[PDB]
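Engineer: The structure's right below; bear with me while I get my questions together.
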Amino acid sequence: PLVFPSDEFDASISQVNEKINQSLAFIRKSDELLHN
Amino acid sequence: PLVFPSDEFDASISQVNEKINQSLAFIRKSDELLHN
Amino acid sequence: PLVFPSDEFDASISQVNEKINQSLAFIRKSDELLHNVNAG
Amino acid sequence: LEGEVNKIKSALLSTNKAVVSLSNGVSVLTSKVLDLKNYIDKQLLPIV
Amino acid sequence: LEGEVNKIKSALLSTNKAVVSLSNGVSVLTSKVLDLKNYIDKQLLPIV
Amino acid sequence: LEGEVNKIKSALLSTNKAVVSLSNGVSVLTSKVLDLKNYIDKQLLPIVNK
């Protein structure tokens, strides 16, 4: 039988997208300061 | 017969490289100013 | 025997992780210097 | 010192754009890796 | 000027956290790509 | 402030190198992902089919 470890895979990919958005947020603040 | 969506996939991978390239170009302009 | 190009795949993946580390080593240095400029 | 600081500000602005550009690229790459996993799971496995 | 750079110092600090975040992202993504390759090699292929 | 406008300069320079590195890391990851896709497409499927 073949059972892909799918739910973990999906949770990890969501963790990746979360880190990407955090990244964009830290940048959004750096830009803010600069424009001040 | 299964048919992999291998044309939109190439196109997406191509845009990923373009962004990696843009990223490098921006750092190039940043190091330039700093060296100036 | 189809054969997955495994040895080369693992080599590349190891190169990716080695680059992530060097990236973080550069950031560590940048922070170290920035906490050296003045105060909070 | 004015421009010295005004040069650095401009560089940092390019650097920020660099990080955003890379993040967007990783975002796209992440969806394609998900696509590969879903293809293997939903399309390939059921037939093997 | 104490301030114009002040923002810059804090701005670079936030830019640095952005890179640490994207790095952690890329790090997890890398493990998943490795998982796929291992799944195809050790699970799928033997049965194909 | 002088010696501090230079510190920040050296820090940014290190931050830029941090981005160049991560970018090269992602570049290689991208080529491996394409590799996986091509393997499934050009090597696996044809056998999973005929």
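Naming scheme: A, B, ... for chains in displayed order of the structure tokens; residues 1 onward per chain; ligands 1 onward as shown.
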Need to verify the contact set: range 29-34 of chain B, 7 Å, only C-alpha atoms, exclusion of same-chain residues closer than 6 positions in sequence. Can you return it as a list in words?

Structural biologist: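 The contact residues come out as residues 7, 8, 11, 12, 14 and 15 of chain D; 13 of chain F.
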
Engineer: Can I have chain A aligned to chain B? Use a least-squares fit on all Cα atoms paired in order and write it out as a PDB file with N, CA and C atoms, in the first residue's frame.

Structural biologist:
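What landed in result_38.pdb:
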```
ATOM      1  N   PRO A   1      -4.935   7.816 -18.578  1.00  0.00           N
ATOM      2  CA  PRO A   1      -3.776   8.536 -19.166  1.00  0.00           C
ATOM      3  C   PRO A   1      -3.140   9.504 -18.163  1.00  0.00           C
ATOM      4  N   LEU A   2      -1.846   9.762 -18.316  1.00  0.00           N
ATOM      5  CA  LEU A   2      -1.166  10.679 -17.410  1.00  0.00           C
ATOM      6  C   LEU A   2      -0.530  11.840 -18.152  1.00  0.00           C
ATOM      7  N   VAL A   3      -1.003  13.044 -17.842  1.00  0.00           N
ATOM      8  CA  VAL A   3      -0.527  14.258 -18.487  1.00  0.00           C
ATOM      9  C   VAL A   3      -0.031  15.302 -17.487  1.00  0.00           C
ATOM     10  N   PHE A   4       1.276  15.339 -17.275  1.00  0.00           N
ATOM     11  CA  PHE A   4       1.856  16.304 -16.351  1.00  0.00           C
ATOM     12  C   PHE A   4       1.660  17.737 -16.859  1.00  0.00           C
ATOM     13  N   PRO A   5       1.212  18.659 -15.985  1.00  0.00           N
ATOM     14  CA  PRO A   5       0.986  20.081 -16.317  1.00  0.00           C
ATOM     15  C   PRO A   5       2.331  20.786 -16.500  1.00  0.00           C
ATOM     16  N   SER A   6       3.148  20.257 -17.408  1.00  0.00           N
ATOM     17  CA  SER A   6       4.512  20.713 -17.727  1.00  0.00           C
ATOM     18  C   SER A   6       4.851  22.138 -18.180  1.00  0.00           C
ATOM     19  N   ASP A   7       4.062  22.680 -19.095  1.00  0.00           N
ATOM     20  CA  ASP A   7       4.332  24.017 -19.601  1.00  0.00           C
ATOM     21  C   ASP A   7       4.085  25.092 -18.554  1.00  0.00           C
ATOM     22  N   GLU A   8       3.103  24.879 -17.689  1.00  0.00           N
ATOM     23  CA  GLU A   8       2.856  25.859 -16.645  1.00  0.00           C
ATOM     24  C   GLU A   8       4.012  25.735 -15.658  1.00  0.00           C
ATOM     25  N   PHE A   9       4.347  24.497 -15.303  1.00  0.00           N
ATOM     26  CA  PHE A   9       5.422  24.240 -14.362  1.00  0.00           C
ATOM     27  C   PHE A   9       6.703  24.921 -14.799  1.00  0.00           C
ATOM     28  N   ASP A  10       7.024  24.813 -16.082  1.00  0.00           N
ATOM     29  CA  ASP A  10       8.240  25.420 -16.594  1.00  0.00           C
ATOM     30  C   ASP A  10       8.188  26.940 -16.551  1.00  0.00           C
ATOM     31  N   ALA A  11       7.040  27.505 -16.896  1.00  0.00           N
ATOM     32  CA  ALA A  11       6.874  28.955 -16.883  1.00  0.00           C
ATOM     33  C   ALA A  11       7.031  29.510 -15.467  1.00  0.00           C
ATOM     34  N   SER A  12       6.555  28.761 -14.472  1.00  0.00           N
ATOM     35  CA  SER A  12       6.642  29.183 -13.074  1.00  0.00           C
ATOM     36  C   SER A  12       8.064  29.130 -12.563  1.00  0.00           C
ATOM     37  N   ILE A  13       8.791  28.110 -12.986  1.00  0.00           N
ATOM     38  CA  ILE A  13      10.165  27.979 -12.562  1.00  0.00           C
ATOM     39  C   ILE A  13      11.005  29.109 -13.155  1.00  0.00           C
ATOM     40  N   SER A  14      10.595  29.590 -14.326  1.00  0.00           N
ATOM     41  CA  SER A  14      11.298  30.674 -14.996  1.00  0.00           C
ATOM     42  C   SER A  14      10.956  31.979 -14.295  1.00  0.00           C
ATOM     43  N   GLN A  15       9.733  32.062 -13.779  1.00  0.00           N
ATOM     44  CA  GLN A  15       9.307  33.240 -13.044  1.00  0.00           C
ATOM     45  C   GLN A  15      10.147  33.288 -11.762  1.00  0.00           C
ATOM     46  N   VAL A  16      10.435  32.118 -11.184  1.00  0.00           N
ATOM     47  CA  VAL A  16      11.241  32.042  -9.963  1.00  0.00           C
ATOM     48  C   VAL A  16      12.664  32.512 -10.222  1.00  0.00           C
ATOM     49  N   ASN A  17      13.255  32.045 -11.311  1.00  0.00           N
ATOM     50  CA  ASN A  17      14.620  32.440 -11.653  1.00  0.00           C
ATOM     51  C   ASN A  17      14.661  33.955 -11.949  1.00  0.00           C
ATOM     52  N   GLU A  18      13.574  34.480 -12.502  1.00  0.00           N
ATOM     53  CA  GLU A  18      13.485  35.902 -12.802  1.00  0.00           C
ATOM     54  C   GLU A  18      13.492  36.710 -11.502  1.00  0.00           C
ATOM     55  N   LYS A  19      12.752  36.239 -10.506  1.00  0.00           N
ATOM     56  CA  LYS A  19      12.699  36.925  -9.231  1.00  0.00           C
ATOM     57  C   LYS A  19      14.048  36.834  -8.534  1.00  0.00           C
ATOM     58  N   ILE A  20      14.765  35.740  -8.753  1.00  0.00           N
ATOM     59  CA  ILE A  20      16.058  35.594  -8.127  1.00  0.00           C
ATOM     60  C   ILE A  20      17.028  36.594  -8.726  1.00  0.00           C
ATOM     61  N   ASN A  21      17.024  36.710 -10.050  1.00  0.00           N
ATOM     62  CA  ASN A  21      17.916  37.649 -10.719  1.00  0.00           C
ATOM     63  C   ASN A  21      17.576  39.086 -10.359  1.00  0.00           C
ATOM     64  N   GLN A  22      16.288  39.394 -10.221  1.00  0.00           N
ATOM     65  CA  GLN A  22      15.885  40.747  -9.837  1.00  0.00           C
ATOM     66  C   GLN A  22      16.545  41.034  -8.500  1.00  0.00           C
ATOM     67  N   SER A  23      16.439  40.052  -7.605  1.00  0.00           N
ATOM     68  CA  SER A  23      16.998  40.129  -6.263  1.00  0.00           C
ATOM     69  C   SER A  23      18.474  40.474  -6.296  1.00  0.00           C
ATOM     70  N   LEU A  24      19.220  39.748  -7.115  1.00  0.00           N
ATOM     71  CA  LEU A  24      20.647  39.986  -7.224  1.00  0.00           C
ATOM     72  C   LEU A  24      20.915  41.390  -7.763  1.00  0.00           C
ATOM     73  N   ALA A  25      19.993  41.900  -8.580  1.00  0.00           N
ATOM     74  CA  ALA A  25      20.133  43.231  -9.155  1.00  0.00           C
ATOM     75  C   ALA A  25      19.905  44.299  -8.101  1.00  0.00           C
ATOM     76  N   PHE A  26      18.900  44.114  -7.259  1.00  0.00           N
ATOM     77  CA  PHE A  26      18.640  45.108  -6.225  1.00  0.00           C
ATOM     78  C   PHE A  26      19.806  45.157  -5.264  1.00  0.00           C
ATOM     79  N   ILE A  27      20.453  44.013  -5.075  1.00  0.00           N
ATOM     80  CA  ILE A  27      21.594  43.934  -4.177  1.00  0.00           C
ATOM     81  C   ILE A  27      22.805  44.588  -4.840  1.00  0.00           C
ATOM     82  N   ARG A  28      22.937  44.396  -6.147  1.00  0.00           N
ATOM     83  CA  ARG A  28      24.044  44.971  -6.896  1.00  0.00           C
ATOM     84  C   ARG A  28      24.009  46.495  -6.847  1.00  0.00           C
ATOM     85  N   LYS A  29      22.818  47.056  -6.683  1.00  0.00           N
ATOM     86  CA  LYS A  29      22.677  48.498  -6.611  1.00  0.00           C
ATOM     87  C   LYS A  29      22.947  48.973  -5.191  1.00  0.00           C
ATOM     88  N   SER A  30      22.538  48.172  -4.212  1.00  0.00           N
ATOM     89  CA  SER A  30      22.753  48.548  -2.824  1.00  0.00           C
ATOM     90  C   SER A  30      24.250  48.580  -2.564  1.00  0.00           C
ATOM     91  N   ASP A  31      24.964  47.599  -3.102  1.00  0.00           N
ATOM     92  CA  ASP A  31      26.403  47.560  -2.909  1.00  0.00           C
ATOM     93  C   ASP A  31      27.044  48.780  -3.584  1.00  0.00           C
ATOM     94  N   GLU A  32      26.620  49.072  -4.814  1.00  0.00           N
ATOM     95  CA  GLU A  32      27.134  50.219  -5.558  1.00  0.00           C
ATOM     96  C   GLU A  32      27.079  51.474  -4.686  1.00  0.00           C
ATOM     97  N   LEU A  33      25.879  51.839  -4.253  1.00  0.00           N
ATOM     98  CA  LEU A  33      25.700  53.012  -3.410  1.00  0.00           C
ATOM     99  C   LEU A  33      26.678  53.019  -2.237  1.00  0.00           C
ATOM    100  N   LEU A  34      26.726  51.912  -1.502  1.00  0.00           N
ATOM    101  CA  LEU A  34      27.606  51.789  -0.345  1.00  0.00           C
ATOM    102  C   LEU A  34      29.062  52.120  -0.650  1.00  0.00           C
ATOM    103  N   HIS A  35      29.558  51.651  -1.790  1.00  0.00           N
ATOM    104  CA  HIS A  35      30.940  51.903  -2.180  1.00  0.00           C
ATOM    105  C   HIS A  35      31.198  53.334  -2.648  1.00  0.00           C
ATOM    106  N   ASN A  36      30.132  54.069  -2.951  1.00  0.00           N
ATOM    107  CA  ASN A  36      30.258  55.453  -3.412  1.00  0.00           C
ATOM    108  C   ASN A  36      30.730  56.369  -2.290  1.00  0.00           C
TER     109      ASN A  36
END
```

Engineer: Could you build a table of the residues in chain F lying no more than 9 Å from chain D, giving for each the nearest pair of atoms and their separation in Å rounded to one decimal place, using only C-alpha atoms, ordered by chain and ascending residue number, as CSV?

Structural biologist:
```
residue,atom,partner,partner_atom,distance
F:1,CA,D:1,CA,8.5
F:2,CA,D:1,CA,7.0
F:5,CA,D:5,CA,6.5
F:6,CA,D:4,CA,8.7
F:8,CA,D:8,CA,8.1
F:9,CA,D:8,CA,6.8
F:12,CA,D:12,CA,7.2
F:15,CA,D:15,CA,8.4
F:16,CA,D:15,CA,6.7
F:19,CA,D:19,CA,7.1
F:22,CA,D:22,CA,8.7
F:23,CA,D:22,CA,6.8
F:26,CA,D:26,CA,7.3
F:29,CA,D:29,CA,9.0
F:30,CA,D:29,CA,7.0
F:33,CA,D:33,CA,7.0
F:36,CA,D:36,CA,8.4
F:37,CA,D:36,CA,7.1
F:40,CA,D:40,CA,8.8
F:45,CA,D:44,CA,8.2
F:48,CA,D:48,CA,6.9
```

Engineer: So that I can check the surroundings of residue 21 in chain F, please list as a list in words every protein, DNA and RNA residue that reaches within 10 Å of it, counting only C-alpha atoms and ignoring chain neighbours fewer than 6 positions away.

Structural biologist: residues 24 of chain B; 16, 18, 19, 20, 21, 22, 23, 24 and 26 of chain C; 15 and 27 of chain F

Engineer: Chain E superposed on chain D over all ordered C-alpha pairs, least squares: can you write that as a CSV table (one decimal) with N, CA and C atoms, in the first residue's frame?

Structural biologist:
```csv
chain,number,residue,atom,x,y,z
E,1,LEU,N,28.2,63.9,5.4
E,1,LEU,CA,27.5,63.0,6.4
E,1,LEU,C,26.0,62.9,6.0
E,2,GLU,N,25.4,64.0,5.6
E,2,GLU,CA,24.0,64.0,5.2
E,2,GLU,C,24.0,63.0,4.1
E,3,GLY,N,25.0,63.1,3.2
E,3,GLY,CA,25.1,62.2,2.1
E,3,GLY,C,25.6,60.8,2.3
E,4,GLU,N,26.6,60.6,3.2
E,4,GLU,CA,27.1,59.2,3.4
E,4,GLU,C,26.0,58.4,4.0
E,5,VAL,N,25.0,58.9,4.7
E,5,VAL,CA,23.9,58.2,5.3
E,5,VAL,C,22.9,58.1,4.2
E,6,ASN,N,22.8,59.2,3.4
E,6,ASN,CA,21.8,59.4,2.4
E,6,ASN,C,21.9,58.2,1.5
E,7,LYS,N,23.1,57.8,1.1
E,7,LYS,CA,23.3,56.6,0.3
E,7,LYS,C,22.8,55.4,1.0
E,8,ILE,N,23.2,55.4,2.3
E,8,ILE,CA,22.8,54.2,3.2
E,8,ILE,C,21.3,54.1,3.2
E,9,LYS,N,20.5,55.2,3.3
E,9,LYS,CA,19.1,55.1,3.4
E,9,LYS,C,18.6,54.5,2.1
E,10,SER,N,19.1,55.0,1.0
E,10,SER,CA,18.7,54.5,-0.3
E,10,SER,C,19.2,53.1,-0.6
E,11,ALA,N,20.3,52.8,0.0
E,11,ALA,CA,20.9,51.5,-0.1
E,11,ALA,C,20.0,50.5,0.6
E,12,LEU,N,19.6,50.8,1.8
E,12,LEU,CA,18.7,49.9,2.6
E,12,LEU,C,17.4,49.7,1.9
E,13,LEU,N,17.0,50.7,1.1
E,13,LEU,CA,15.7,50.7,0.4
E,13,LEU,C,15.8,49.6,-0.7
E,14,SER,N,16.9,49.6,-1.4
E,14,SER,CA,17.1,48.7,-2.4
E,14,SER,C,17.3,47.3,-1.9
E,15,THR,N,17.9,47.2,-0.7
E,15,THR,CA,18.1,45.9,0.0
E,15,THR,C,16.7,45.3,0.4
E,16,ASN,N,15.8,46.2,0.7
E,16,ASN,CA,14.5,45.8,1.1
E,16,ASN,C,13.7,45.3,-0.1
E,17,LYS,N,13.9,45.9,-1.2
E,17,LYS,CA,13.2,45.4,-2.5
E,17,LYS,C,13.7,44.1,-2.9
E,18,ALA,N,15.0,43.8,-2.6
E,18,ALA,CA,15.7,42.6,-2.9
E,18,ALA,C,15.0,41.4,-2.2
E,19,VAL,N,14.7,41.7,-0.9
E,19,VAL,CA,14.1,40.7,0.0
E,19,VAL,C,12.6,40.5,-0.5
E,20,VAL,N,11.9,41.5,-0.9
E,20,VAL,CA,10.6,41.4,-1.4
E,20,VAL,C,10.6,40.5,-2.6
E,21,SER,N,11.6,40.8,-3.5
E,21,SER,CA,11.7,40.0,-4.7
E,21,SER,C,12.0,38.5,-4.4
E,22,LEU,N,13.0,38.2,-3.6
E,22,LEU,CA,13.3,36.9,-3.2
E,22,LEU,C,12.1,36.2,-2.6
E,23,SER,N,11.4,37.0,-1.8
E,23,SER,CA,10.2,36.4,-1.1
E,23,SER,C,9.2,36.0,-2.1
E,24,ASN,N,8.9,36.8,-3.1
E,24,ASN,CA,7.9,36.4,-4.2
E,24,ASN,C,8.4,35.2,-4.9
E,25,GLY,N,9.8,35.1,-5.0
E,25,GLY,CA,10.4,33.9,-5.7
E,25,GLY,C,10.1,32.7,-4.9
E,26,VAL,N,10.4,32.8,-3.6
E,26,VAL,CA,10.2,31.6,-2.7
E,26,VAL,C,8.8,31.3,-2.6
E,27,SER,N,7.9,32.3,-2.7
E,27,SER,CA,6.5,32.0,-2.6
E,27,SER,C,6.0,31.2,-3.8
E,28,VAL,N,6.4,31.5,-5.0
E,28,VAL,CA,6.0,30.7,-6.1
E,28,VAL,C,6.6,29.3,-6.1
E,29,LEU,N,7.9,29.2,-5.7
E,29,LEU,CA,8.5,28.0,-5.6
E,29,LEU,C,7.8,27.0,-4.6
E,30,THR,N,7.3,27.6,-3.6
E,30,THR,CA,6.6,26.9,-2.6
E,30,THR,C,5.3,26.3,-3.1
E,31,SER,N,4.6,27.1,-4.0
E,31,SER,CA,3.4,26.6,-4.6
E,31,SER,C,3.7,25.4,-5.5
E,32,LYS,N,4.8,25.5,-6.2
E,32,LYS,CA,5.2,24.4,-7.1
E,32,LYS,C,5.5,23.1,-6.4
E,33,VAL,N,6.3,23.2,-5.3
E,33,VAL,CA,6.6,22.1,-4.5
E,33,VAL,C,5.3,21.5,-4.0
E,34,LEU,N,4.3,22.3,-3.6
E,34,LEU,CA,3.0,21.8,-3.1
E,34,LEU,C,2.4,21.1,-4.3
E,35,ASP,N,2.5,21.7,-5.5
E,35,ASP,CA,1.9,21.0,-6.7
E,35,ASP,C,2.4,19.6,-6.9
E,36,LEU,N,3.7,19.5,-6.8
E,36,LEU,CA,4.4,18.2,-7.0
E,36,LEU,C,3.8,17.2,-6.0
E,37,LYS,N,3.8,17.5,-4.7
E,37,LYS,CA,3.3,16.7,-3.7
E,37,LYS,C,1.9,16.3,-3.9
E,38,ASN,N,1.1,17.3,-4.4
E,38,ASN,CA,-0.3,17.0,-4.7
E,38,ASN,C,-0.5,16.1,-5.9
E,39,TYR,N,0.4,16.2,-6.9
E,39,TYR,CA,0.4,15.4,-8.1
E,39,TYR,C,0.7,14.0,-7.7
E,40,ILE,N,1.7,13.7,-6.9
E,40,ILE,CA,2.1,12.4,-6.5
E,40,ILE,C,1.0,11.7,-5.7
E,41,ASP,N,0.4,12.5,-4.8
E,41,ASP,CA,-0.6,12.0,-3.9
E,41,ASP,C,-2.0,11.7,-4.5
E,42,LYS,N,-2.5,12.6,-5.3
E,42,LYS,CA,-3.8,12.5,-5.9
E,42,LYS,C,-3.9,11.9,-7.3
E,43,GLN,N,-2.8,12.0,-8.1
E,43,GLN,CA,-2.7,11.5,-9.4
E,43,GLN,C,-1.9,10.2,-9.6
E,44,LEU,N,-0.6,10.2,-9.3
E,44,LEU,CA,0.3,9.1,-9.4
E,44,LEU,C,-0.1,7.9,-8.6
E,45,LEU,N,0.0,8.1,-7.2
E,45,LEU,CA,-0.3,7.0,-6.3
E,45,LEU,C,-1.5,6.1,-6.6
E,46,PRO,N,-2.7,6.7,-6.8
E,46,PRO,CA,-3.9,5.9,-7.1
E,46,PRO,C,-3.7,4.9,-8.2
E,47,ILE,N,-2.8,5.2,-9.2
E,47,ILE,CA,-2.5,4.4,-10.4
E,47,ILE,C,-1.3,3.5,-10.2
E,48,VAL,N,-0.4,3.8,-9.3
E,48,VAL,CA,0.7,3.0,-8.9
E,48,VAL,C,0.3,1.7,-8.2
```

Engineer: Suppose you want the space between CA of residue 11 in chain C and CA of residue 25 in chain C; what is it in Å?

Structural biologist: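 Result for CA of residue 11 in chain C versus CA of residue 25 in chain C: 21.0 Å, one decimal.
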
Engineer: At a cut-off of 10 Å, which residues of chain C touch chain E? Count only C-alpha atoms and give the answer as a ChimeraX atom specification.

Structural biologist: /C:1-6,9-10,13-14,16-17,19-21,23-24,26-28,30-31,34-35,37-40

Engineer: Select from chain A everything DSSP, run on the backbone, classes as alpha helix (DSSP H), then give the selection as number ranges by chain.

Structural biologist: A: 6-35

Engineer: Could you save those same residues with N, CA and C atoms as a short mmCIF file (atom, residue, chain, number, x, y, z; two decimals), in the first residue's frame?

Structural biologist:
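Output saved as result31.cif:
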```cif
data_model
loop_
_atom_site.label_atom_id
_atom_site.label_comp_id
_atom_site.auth_asym_id
_atom_site.auth_seq_id
_atom_site.Cartn_x
_atom_site.Cartn_y
_atom_site.Cartn_z
N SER A 6 0.93 13.17 3.74
CA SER A 6 0.24 14.42 3.34
C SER A 6 -0.10 15.55 4.31
N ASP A 7 -0.63 15.20 5.47
CA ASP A 7 -1.02 16.22 6.44
C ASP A 7 0.18 16.93 7.04
N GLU A 8 1.28 16.21 7.21
CA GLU A 8 2.47 16.86 7.75
C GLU A 8 3.00 17.77 6.64
N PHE A 9 3.06 17.23 5.43
CA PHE A 9 3.56 17.98 4.29
C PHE A 9 2.82 19.29 4.14
N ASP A 10 1.50 19.25 4.27
CA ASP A 10 0.71 20.46 4.13
C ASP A 10 0.96 21.45 5.25
N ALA A 11 1.09 20.95 6.47
CA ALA A 11 1.34 21.81 7.62
C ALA A 11 2.69 22.52 7.48
N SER A 12 3.68 21.83 6.92
CA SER A 12 5.02 22.39 6.73
C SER A 12 5.02 23.46 5.67
N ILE A 13 4.26 23.23 4.61
CA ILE A 13 4.19 24.20 3.55
C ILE A 13 3.51 25.48 4.04
N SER A 14 2.61 25.32 5.01
CA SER A 14 1.90 26.46 5.58
C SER A 14 2.83 27.20 6.51
N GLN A 15 3.73 26.45 7.16
CA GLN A 15 4.71 27.06 8.05
C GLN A 15 5.64 27.90 7.17
N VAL A 16 5.94 27.41 5.96
CA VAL A 16 6.81 28.13 5.03
C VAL A 16 6.16 29.43 4.58
N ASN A 17 4.89 29.37 4.22
CA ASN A 17 4.18 30.57 3.78
C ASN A 17 4.09 31.57 4.95
N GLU A 18 3.99 31.06 6.17
CA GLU A 18 3.92 31.90 7.35
C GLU A 18 5.24 32.66 7.53
N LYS A 19 6.36 31.96 7.33
CA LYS A 19 7.66 32.59 7.46
C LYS A 19 7.86 33.61 6.35
N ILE A 20 7.28 33.35 5.18
CA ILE A 20 7.42 34.29 4.09
C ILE A 20 6.68 35.57 4.41
N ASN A 21 5.46 35.43 4.92
CA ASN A 21 4.66 36.61 5.26
C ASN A 21 5.30 37.39 6.40
N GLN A 22 5.89 36.69 7.37
CA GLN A 22 6.55 37.37 8.48
C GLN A 22 7.63 38.25 7.86
N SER A 23 8.37 37.65 6.94
CA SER A 23 9.46 38.31 6.23
C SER A 23 8.99 39.61 5.59
N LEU A 24 7.89 39.53 4.86
CA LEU A 24 7.35 40.70 4.20
C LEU A 24 6.94 41.76 5.22
N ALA A 25 6.55 41.31 6.41
CA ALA A 25 6.13 42.21 7.48
C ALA A 25 7.34 42.94 8.06
N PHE A 26 8.43 42.22 8.28
CA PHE A 26 9.61 42.86 8.83
C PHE A 26 10.14 43.89 7.86
N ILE A 27 9.95 43.61 6.57
CA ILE A 27 10.41 44.52 5.53
C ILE A 27 9.48 45.73 5.48
N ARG A 28 8.19 45.50 5.67
CA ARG A 28 7.21 46.56 5.64
C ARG A 28 7.46 47.57 6.76
N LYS A 29 8.08 47.12 7.84
CA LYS A 29 8.38 48.00 8.95
C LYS A 29 9.68 48.74 8.69
N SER A 30 10.63 48.06 8.05
CA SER A 30 11.91 48.68 7.76
C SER A 30 11.67 49.82 6.78
N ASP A 31 10.80 49.59 5.80
CA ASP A 31 10.51 50.64 4.83
C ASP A 31 9.83 51.82 5.54
N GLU A 32 8.85 51.51 6.40
CA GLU A 32 8.14 52.54 7.15
C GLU A 32 9.14 53.48 7.82
N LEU A 33 9.98 52.93 8.69
CA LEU A 33 10.98 53.73 9.38
C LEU A 33 11.76 54.62 8.42
N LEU A 34 12.29 54.02 7.36
CA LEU A 34 13.07 54.76 6.37
C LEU A 34 12.36 55.98 5.82
N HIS A 35 11.07 55.85 5.53
CA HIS A 35 10.29 56.95 4.99
C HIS A 35 9.95 58.03 6.02
#
```

Engineer: Do you have the CA of residue 42 in chain F-CA of residue 12 in chain C distance handy?

Structural biologist: 20.6 Å
